[PDB]
Amino acid sequence: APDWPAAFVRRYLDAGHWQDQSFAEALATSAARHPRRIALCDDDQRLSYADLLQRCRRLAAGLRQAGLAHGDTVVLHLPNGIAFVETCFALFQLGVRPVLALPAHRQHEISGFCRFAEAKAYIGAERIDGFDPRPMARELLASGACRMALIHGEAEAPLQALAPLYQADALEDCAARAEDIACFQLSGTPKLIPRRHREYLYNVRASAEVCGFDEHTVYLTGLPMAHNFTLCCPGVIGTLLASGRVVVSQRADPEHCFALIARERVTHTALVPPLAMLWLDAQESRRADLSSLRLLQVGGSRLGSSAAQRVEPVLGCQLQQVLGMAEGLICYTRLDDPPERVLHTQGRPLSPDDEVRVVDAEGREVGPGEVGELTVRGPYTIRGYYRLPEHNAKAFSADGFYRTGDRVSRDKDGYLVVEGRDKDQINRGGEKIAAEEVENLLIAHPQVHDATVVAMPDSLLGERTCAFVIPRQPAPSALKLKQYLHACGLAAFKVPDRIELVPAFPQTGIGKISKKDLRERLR
Ligand SMILES: Nc1ncnc2c1ncn2[C@@H]1O[C@H](COS(=O)(=O)NC(=O)c2ccccc2O)[C@@H](O)[C@H]1O
């Protein structure tokens, strides 16, 4: 667990970025401001700030009685829900660090997380993302992967029930210091990202300012709450610390979510592009009343200008583009930015002390507007992954810059434009091709729902291109789309060598497209 050198600590405290409260103290402060206001809602249950705080304290007492102590680690694998929030904040109070596993994670990942972190417990549910994790949890215990397995819901011994632990008398003490690790986030087997209370609260508080969160923010969880976008950018925690209300959802389909928005008067949410595409193309479901919606954050992957330009007309809300990473840096377009920035950039950095360097293969800083590897250090960017000295020696420069693996350029005013991952690059007979440019043209096509362009081996040109396209009916042929690209003025060498009409793309844990999976499919 590498830390910030002393010069940086001192400057981030002097700047006022790092304050002296833990997550638990911060929620308690917010609760005290508005104790009866509804803080969380699910399909039936609604908790006031004061009821949430008390339940968290009661769960904390129960977890302590069950053996969880300050400095312990747990693997937290729960669907979106009230239990996720309660359990997180109870662990924050106790100084117990949760590994924030995603709903899509399975035994390979879960086992690795328990083992690598030496978790005392796995905390899970009777069901998650269509998966029954209780067999796995039994094997975790049988193999020594963790000591204990708590299940919210029904489960057979040797698994233990989480609900009885809420019956304890409320623990009133906090064991967490602002400089301690609060939780382990996960890289997008995922690496463990040690996030500390004071820096990750800076992340939350400043994001909430930039995104205009306030007492009236009604935040819908469009993504897994474990994920950093959903949790802190500004996320669920930004909503709670602004004294807003969080509306939980275990699904992001526009059918369900549009009705929730109407029911709860949702004002804010966050999505990855593929989900935003579904919301933009939702047909009869758009009969819903979405008048309450004020801000749609889109991030995780680039939202091209063809799609971005449809957000305000179709949904009636402002768009914000978010370039983010669990390791640190967040860039945001700002709520008062002109369209040219919101449609065509992925934001500018959150903190004045975020230090960004775009560098070529040699480590040279590129010229302005030129494309290079994004690297960065700053007041909420880690200095290394948890207990990973050998990987850390490659992933961080000697002066402490995190090497993101993304290819970006910068515009005149500091805004980042993401070309994609280093591994997404296409070189077609020595001509370079920016997938995003071709993807954005195809996505503008009226019978194209989404598109993704990747590299395939070729003996003569080294690489050719293949575009995967989800049609909307009536679906165009590959030949019609090649002609449509031509009529748009796309350079000939950039027209995909191959276009695959398909109903869906493989997806990552939170819904991003897996170009790795596509590129392994081709070869
Ligand atoms: N607007 C964008 N345009 C192009 N690419 C983007 C991108 N936003 C992310 N990426 C890619 O996603 C990696 C990080 O992924 S992440 O840890 O899961 N966390 C997130 O995505 C995340 C998103 C929002 C807020 C907090 C977060 O933590 C990045 O290095 C980069 O490759």
Side-chain angles (χ1 to χ4, degrees), residues 100-102 104-105 183-188 190-193 195 200 203-204 206-208 210-211 221-238 268-276 296-305 307-308 319-333 341-350 354 356 358 371 373-376 378 380-382 385 395 401-410 415-425 434-437 439-440 452 507-516:
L100 299 174
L102 291 179
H105 289 154
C183 59
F184 300 103
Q185 266 291 347
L186 296 175
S187 60
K191 301 182 280 272
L192 266 60
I193 298 165
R195 297 307 296 269
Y200 188 59
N203 183 320
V204 174
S207 302
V210 159
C211 306
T221 69
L223 297 168
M225 297 170 83
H227 190 272
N228 180 51
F229 194 10
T230 310
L231 191 63
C232 298
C233 299
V236 170
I237 299 185
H268 286 72
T269 189
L271 296 177
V272 288
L275 292 169
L296 170 61
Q297 300 183 284
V298 183
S301 300
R302 183 154 170 196
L303 183 70
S305 61
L319 166 67
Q320 177 187 64
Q321 288 209 57
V322 183
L323 159 60
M325 58 204 76
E327 293 72 5
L329 181 62
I330 316 298
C331 305
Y332 294 101
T333 55
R341 280 163 191 181
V342 190
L343 299 172
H344 297 99
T345 70
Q346 287 64 63
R348 63 182 168 86
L350 172 64
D354 280 333
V356 166
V358 181
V371 178
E373 180 172 8
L374 174 60
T375 78
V376 56
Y380 54 91
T381 294
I382 64 172
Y385 294 104
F401 283 86
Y402 171 56
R403 295 165 175 149
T404 65
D406 301 303
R407 291 190 79 243
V408 309
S409 67
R410 299 226 319 160
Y415 286 73
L416 285 297
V417 183
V418 179
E419 293 309 330
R421 313 274 306 152
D422 280 334
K423 290 278 298 197
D424 291 343
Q425 295 176 84
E436 194 277 340
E437 182 189 355
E439 296 168 354
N440 186 60
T452 198
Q507 285 190 322
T508 74
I510 66 154
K512 295 198 250 177
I513 290 148
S514 189
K515 289 186 162 207
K516 180 159 190 177

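Just follow the structure's listing: the first ligand is 1, and inside any ligand the first atom is 1. Residues: numbered from 1 along the sequence shown. Scope of the values below: all heavy atoms of this structure, side chains included, with no hydrogens, waters or symmetry mates.
- With values rounded to the nearest 0.5 angstrom, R403 atom CZ is found 13.0 Å from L374 atom CG.
- Under the ring pair (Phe, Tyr, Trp, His ring centres under 6.0 Å) criterion, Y415 pairs with no residue, sequence neighbours left out.
- Applying the salt bridge (charged side-chain N to carboxylate O under 4.0 Å, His left out) criterion to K515, with sequence neighbours excluded, gives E439.
- Contact detail for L186 and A326: the closest heavy-atom pair is O-CB, 3.4 Å.
- For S301, the side chain to side chain contact (heavy atoms under 4.5 Å, CB included) test picks out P273, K512, with sequence neighbours left out.
- Ordered by chain and residue number, the residues placing a heavy atom less than 4.0 Å from ligand 1 are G188, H227, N228, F229, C233, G300, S301, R302, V322, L323, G324, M325, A326, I330, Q346, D406, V418, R421, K512.
- A side-chain donor-acceptor contact under 3.5 Å links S305 and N440.
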